[PDB]
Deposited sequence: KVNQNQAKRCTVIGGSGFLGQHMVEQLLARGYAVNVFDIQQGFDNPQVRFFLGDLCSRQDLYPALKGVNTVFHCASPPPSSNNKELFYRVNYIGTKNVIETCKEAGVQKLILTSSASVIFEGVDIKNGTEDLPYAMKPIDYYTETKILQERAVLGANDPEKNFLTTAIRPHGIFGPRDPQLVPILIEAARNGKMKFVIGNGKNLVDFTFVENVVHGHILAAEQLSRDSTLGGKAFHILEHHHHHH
């Protein structure tokens, strides 16, 4: 249960990758998704709508980390869907997380999220409200910790770095990172962030960007 996590959207492109590395790191992985993927024997697969408490709840029992990288496709231009799943459905993931005793939830956000006050479209708008819900939920004294990892027309090339000692960062070990592709990189950062969150609760409620 210290090595047990659920991946929400575990059938998808990012999800599958997450499953690979979590399994490789000796994690017991549940997968929650509304589509059954390429059968992996070593995974308790649950099928369901992340908007549903009834669907979600059993996939979360016994799990310490939830990975939320489920989403409708940005390309679909289905606004009511984005609204339903990214924005409304997100309150279900957090409350079901608390119900089941999940201790960490790691949201996959967007990098376009950094544009909060032409790249701001309705999808980005839902993902901001998503990140704001998830990082508002951070309650360390109840031992419920959250973060958001933000991977990516318009892109931030440079990000300011606070010199006041307020800047948090997640350390990796280069020897394990060289032969890793773009996604294996994004995925790795998720797993390191989650591991370092049990070791250092002051990362809760922050959002991170990746490098290189």
Unmodelled ranges, which are counted on the deposited sequence from position 1 and given in order: 1 to 5, 123 to 136, 172 to 179, 240 to 245
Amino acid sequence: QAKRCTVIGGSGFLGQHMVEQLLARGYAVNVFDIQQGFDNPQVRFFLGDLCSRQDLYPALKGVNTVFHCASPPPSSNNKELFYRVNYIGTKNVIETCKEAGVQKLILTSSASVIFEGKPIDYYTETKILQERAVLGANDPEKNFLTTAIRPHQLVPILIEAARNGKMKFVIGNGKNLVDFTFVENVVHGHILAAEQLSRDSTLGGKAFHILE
From here on, numbers count along this sequence of modelled residues.
Of 28 to 36 and 178 to 186, the stretch whose C-alpha atoms average the higher B-factor in the entry: 178 to 186
Stretch exceeding the other in mean C-alpha B-factor - 197 to 205, 6 to 14: 197 to 205
Selection by C-alpha B-factor (highest) of 167, 47, 63, 69: 167
Member of 101, 119, 136, 89 with the greatest C-alpha B factor (per the PDB record): 119
Chain thirds of CA B-factor: placement of residue 171: highest
Chain thirds of CA B-factor: placement of residue 149: lowest
Cα B factor band for residue 59 (lowest, middle or highest third within the chain): middle
Modelled-residue ranking by C-alpha temperature factor, third containing residue 114: highest
CA B-factor placement of residue 130, once the chain's modelled residues are sorted into thirds: lowest
